[PDB]
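Presented below is the structure to which this report refers.
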Amino acid sequence: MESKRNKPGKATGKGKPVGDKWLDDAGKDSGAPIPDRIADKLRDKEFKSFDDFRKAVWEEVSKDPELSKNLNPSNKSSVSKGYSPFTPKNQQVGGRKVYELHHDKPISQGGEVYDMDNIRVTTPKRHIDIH
Amino acid sequence: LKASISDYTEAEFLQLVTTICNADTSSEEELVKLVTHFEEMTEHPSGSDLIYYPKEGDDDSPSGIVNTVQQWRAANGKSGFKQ
Ligand code: NI
């Protein structure tokens, strides 16, 4: 009401195992899953808005060796502030140059905002093609 | 400050690149806007890959980035840094 994304909620869901190519998958299919390791850290926390949740996800990836190893130093500095990291140029579209959190079942169709099993990491090129 | 790379001295461009690399900004938007500006200034085909997805063996340190830009512009017939 204005936006369902700005209403507080708790993160739920398991996410899925991911490996060294995790962000590579954000550029294919329906995007890459939220890693099971991030979910374990955010599960049950209360967020005031989805933006807030999104900043938490990126701070968590910054502190995670597997997920963070290879993000170059300049992307590490960005996610350490809680910003979404930059995608490779070929996946950027216009002013959309960072990884985007997409809801597999749209929120406007009843999909859950903070259910991490409904959340996918996507590049701006794949988010628009997955639409 | 910033119309084209020729308005930048090499020191000042190194300042801009150091800020981007450290994400020394107040919001994601400001960072995005700096990286956009950088691309516009360099005119390099790789865009923001010079900062975030460098080539194998390329020095992606700030000075490293400025050298890469400096050498590409020179080699491509474009104007360089101010002075
Ligand atoms: Ni979406």
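Identifiers in the structure tokens: chain A, B, ... in order shown; residue index from 1 per chain; ligand index from 1 in order shown.
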| request: Collect all residues with atoms no farther than 7 Å from ligand 1, counting only C-alpha atoms and all ligand atoms, and output them as an MDAnalysis selection string. | output: chainID A and resid 102:104 106 127
With C-alpha atoms kept, could you save the residues just selected as a PDB file, in the first residue's frame?
```pdb
ATOM      1  CA  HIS A 102      13.955 -10.538  -8.470  1.00  0.00           C
ATOM      2  CA  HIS A 103      10.905 -12.267  -7.028  1.00  0.00           C
ATOM      3  CA  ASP A 104      10.265 -15.503  -8.903  1.00  0.00           C
ATOM      4  CA  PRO A 106       5.844 -11.513  -8.422  1.00  0.00           C
ATOM      5  CA  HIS A 127      15.899  -9.539 -15.223  1.00  0.00           C
TER       6      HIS A 127
END
```
| field | Residue list for chain B near chain A as a VMD selection string, 12 Å, only C-alpha atoms | value | chain B and resid 17 to 37 39 44 to 56 58 to 62 65
Let me see the file: selected residues, N, CA and C atoms, as a compact mmCIF listing (two decimals), in the first residue's frame.
```txt
# COMPACT_ATOMS: atom_id res chain seq x y z
N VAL B 17 39.29 7.60 -9.63
CA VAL B 17 39.37 6.15 -9.69
C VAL B 17 39.53 5.54 -8.29
N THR B 18 40.28 6.13 -7.40
CA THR B 18 40.46 5.72 -6.00
C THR B 18 39.15 5.76 -5.20
N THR B 19 38.33 6.78 -5.43
CA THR B 19 37.01 6.94 -4.83
C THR B 19 36.11 5.80 -5.30
N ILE B 20 36.03 5.57 -6.58
CA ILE B 20 35.22 4.47 -7.15
C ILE B 20 35.71 3.17 -6.54
N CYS B 21 37.04 2.89 -6.55
CA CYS B 21 37.51 1.58 -6.12
C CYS B 21 37.13 1.29 -4.65
N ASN B 22 37.21 2.31 -3.83
CA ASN B 22 36.89 2.21 -2.40
C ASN B 22 35.42 2.40 -2.14
N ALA B 23 34.62 2.71 -3.17
CA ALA B 23 33.20 2.90 -2.97
C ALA B 23 33.06 3.98 -1.89
N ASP B 24 33.79 5.07 -2.06
CA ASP B 24 33.77 6.09 -0.98
C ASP B 24 32.69 7.07 -1.35
N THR B 25 31.43 6.62 -1.19
CA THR B 25 30.25 7.36 -1.54
C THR B 25 29.19 7.23 -0.42
N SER B 26 28.13 7.95 -0.54
CA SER B 26 27.05 8.02 0.42
C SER B 26 25.90 7.15 -0.01
N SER B 27 25.79 6.85 -1.32
CA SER B 27 24.76 5.88 -1.69
C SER B 27 25.20 5.09 -2.93
N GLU B 28 24.50 4.00 -3.15
CA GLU B 28 24.77 3.16 -4.35
C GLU B 28 24.65 4.01 -5.61
N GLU B 29 23.63 4.84 -5.68
CA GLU B 29 23.37 5.77 -6.77
C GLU B 29 24.58 6.66 -7.05
N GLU B 30 25.17 7.27 -6.04
CA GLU B 30 26.33 8.11 -6.27
C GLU B 30 27.47 7.25 -6.85
N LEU B 31 27.65 6.05 -6.30
CA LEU B 31 28.72 5.21 -6.85
C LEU B 31 28.43 4.97 -8.33
N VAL B 32 27.24 4.58 -8.72
CA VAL B 32 26.81 4.23 -10.05
C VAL B 32 27.03 5.37 -11.05
N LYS B 33 26.68 6.56 -10.59
CA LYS B 33 26.90 7.79 -11.27
C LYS B 33 28.39 8.05 -11.44
N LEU B 34 29.27 7.77 -10.50
CA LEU B 34 30.68 8.00 -10.73
C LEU B 34 31.23 7.03 -11.79
N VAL B 35 30.85 5.77 -11.67
CA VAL B 35 31.30 4.72 -12.58
C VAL B 35 30.82 5.06 -14.01
N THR B 36 29.60 5.58 -14.13
CA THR B 36 29.07 6.01 -15.40
C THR B 36 29.94 7.13 -15.94
N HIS B 37 30.18 8.14 -15.09
CA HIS B 37 31.05 9.24 -15.50
C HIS B 37 32.39 8.73 -15.99
N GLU B 39 33.20 5.89 -17.28
CA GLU B 39 33.10 5.27 -18.58
C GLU B 39 33.05 6.32 -19.71
N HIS B 44 36.49 3.91 -23.10
CA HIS B 44 36.97 2.57 -23.31
C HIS B 44 35.77 1.63 -23.52
N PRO B 45 35.94 0.78 -24.55
CA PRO B 45 35.00 -0.26 -24.91
C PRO B 45 34.61 -1.19 -23.77
N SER B 46 35.45 -1.50 -22.84
CA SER B 46 35.12 -2.33 -21.71
C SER B 46 34.24 -1.67 -20.63
N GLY B 47 34.06 -0.34 -20.68
CA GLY B 47 33.15 0.28 -19.73
C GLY B 47 33.64 0.01 -18.31
N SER B 48 32.64 -0.36 -17.48
CA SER B 48 32.99 -0.54 -16.06
C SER B 48 33.76 -1.84 -15.84
N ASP B 49 33.97 -2.71 -16.87
CA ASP B 49 34.85 -3.86 -16.63
C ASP B 49 36.28 -3.42 -16.30
N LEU B 50 36.78 -2.25 -16.70
CA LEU B 50 38.13 -1.85 -16.30
C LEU B 50 38.35 -1.80 -14.79
N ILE B 51 37.29 -1.47 -14.05
CA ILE B 51 37.35 -1.37 -12.59
C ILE B 51 36.95 -2.70 -11.95
N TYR B 52 35.92 -3.39 -12.46
CA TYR B 52 35.36 -4.53 -11.73
C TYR B 52 35.72 -5.90 -12.30
N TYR B 53 36.04 -6.00 -13.61
CA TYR B 53 36.31 -7.34 -14.18
C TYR B 53 37.51 -7.21 -15.13
N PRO B 54 38.62 -6.92 -14.56
CA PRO B 54 39.84 -6.69 -15.30
C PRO B 54 40.36 -7.97 -15.96
N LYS B 55 41.21 -7.74 -16.96
CA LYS B 55 41.85 -8.87 -17.60
C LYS B 55 42.95 -9.46 -16.74
N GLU B 56 43.11 -10.75 -16.98
CA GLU B 56 44.11 -11.63 -16.43
C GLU B 56 45.46 -10.92 -16.45
N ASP B 58 46.02 -7.84 -15.40
CA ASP B 58 45.92 -6.38 -15.47
C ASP B 58 45.89 -5.86 -14.03
N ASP B 59 46.67 -4.84 -13.76
CA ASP B 59 46.71 -4.20 -12.44
C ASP B 59 45.40 -3.43 -12.23
N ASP B 60 44.44 -3.96 -11.46
CA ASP B 60 43.17 -3.31 -11.16
C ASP B 60 43.22 -2.44 -9.90
N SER B 61 44.42 -2.08 -9.53
CA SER B 61 44.68 -1.14 -8.46
C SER B 61 44.37 0.21 -9.14
N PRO B 62 44.13 1.20 -8.32
CA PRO B 62 43.79 2.51 -8.86
C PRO B 62 44.84 3.02 -9.85
N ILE B 65 44.63 1.15 -12.89
CA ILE B 65 43.50 1.54 -13.76
C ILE B 65 43.86 2.76 -14.57
```
| query | By how many Å are atom CA of residue B:63 and atom CA of residue B:41 apart? | reply |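 Straight-line distance from atom CA of residue B:63 to atom CA of residue B:41 works out to 16.3 Å.
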| message | Calculated over only C-alpha atoms, which of the candidates A:23, A:119, A:128, A:42 has the smallest distance to residue A:67? | response |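 Under the stated criterion, the closest residue is A:23.
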| query | Between A:64, A:129, A:115, A:20, which has the minimum distance to residue A:47 (counting only C-alpha atoms)? | reply |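 Using only C-alpha atoms, residue A:47 sits closest to A:115.
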| field | Nearby residues (only C-alpha atoms) at most 7 Å from residue A:46, same-chain spacing under 3 positions excluded, as a PyMOL selection string | value | chain A and resi 8-11
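Atom CA of residue A:12 is positioned 12.8 Å from atom CA of residue A:35.
Each of A:26, A:1, A:39, A:101 was checked against residue A:123 using only C-alpha atoms; the smallest atom-to-atom distance is that of A:26.
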